[PDB]
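As structure tokens, one chain now follows by itself in the form deposited in one PDB entry.
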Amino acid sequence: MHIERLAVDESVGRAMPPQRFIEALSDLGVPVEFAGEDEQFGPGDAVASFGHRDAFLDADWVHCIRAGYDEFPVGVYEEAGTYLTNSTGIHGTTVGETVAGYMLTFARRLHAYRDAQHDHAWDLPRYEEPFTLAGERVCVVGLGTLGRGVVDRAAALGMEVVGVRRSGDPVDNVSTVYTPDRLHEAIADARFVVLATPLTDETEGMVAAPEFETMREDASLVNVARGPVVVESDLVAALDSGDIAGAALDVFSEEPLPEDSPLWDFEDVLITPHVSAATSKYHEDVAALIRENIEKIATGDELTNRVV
């Protein structure tokens, strides 16, 4: 690989202003150019993009500007001989902070107060409603960049932390790590269950009616992974039946979440519009990954975040 050009697909617009991103890449040593839906690639092309296009298969290298690459046909890239990288490793602080925010919102009742603020109502909680995260248990399912960002902040707040990962191996600040076949043991005693796994064959529909049964009735689910990791209809049923207490949800089976979803109306559900990782500096964070991999290519070393 000898890269002569970085093309920036217009789909990066879904996550950030393209112009800001192009300006963040200006002294790379190769030209950085905007590319639209209908363009052609070839030897020496690198491409930064949000979604997949078949035209990218003519390029040497595609960088997906998301951590999740579940919408990329990974097998076709391998067969085409086209390198594919992702943006894992940059979302730990933003997502960890958002999730700390969700848990504190539930513990301190901030969402109920915000509801009351609209009515100008000085509504006091029941004595038993407010609690402290200190001493409460969180189970973090997926212990990568997102999961660890959550873990570190939960641990800092004095929470008891357990979690689940594919390898079952120790993780700093996690008292007990479980393999995925022991999910029900992991979630059983947790006040919060946080989902931070990629969407894969194995994780799709992982959290469904049996898991909501196992969960504490006073527990909340947090999904910052992908919508289809949860069976959304089972989630609705569990919330209506009281199998769990509530949820903070950033990702959904259909996005935007349809207006007629029952999820919008549960008091103890927080809906956020796939923004748990949002940051005014996203363009710089992704640009740094692109720069790193340019140097890797130039010096003939293995790419950071290589999917295939």
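Start at 1 with the first residue shown and count on from there.
According to the PDB record, 65-73 carries the higher mean C-alpha B-factor of the two stretches 242-250 and 65-73. Comparing 85-93 with 121-129, the stretch with the higher mean C-alpha B-factor in the PDB entry is 121-129. Comparing the listed residues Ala59, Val30, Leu270, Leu257, the entry records the largest Cα B-factor for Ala59.
Across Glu211, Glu79, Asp152, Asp181, the greatest Cα temperature factor reported in the deposited entry is at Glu79. Among all modelled residues in its chain, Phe50 ranks in the highest third by Cα B-factor.
When the CA B factors of the chain's modelled residues are split into thirds, the value for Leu104 lands in the lowest one.
Sort the modelled residues of the chain by CA B factor and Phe41 lands in the highest third. When all modelled residues of the chain are sorted by CA temperature factor, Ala156 is found within the highest third. When all modelled residues of the chain are sorted by CA temperature factor, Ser26 is found within the highest third.
If you look for the form deposited in another entry, you will not find it shown, but the lines that follow are about it.
Rigid-part membership between this form and the one not shown: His52 and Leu104 are split apart, as judged by which of the two superpositions better fits each C-alpha.
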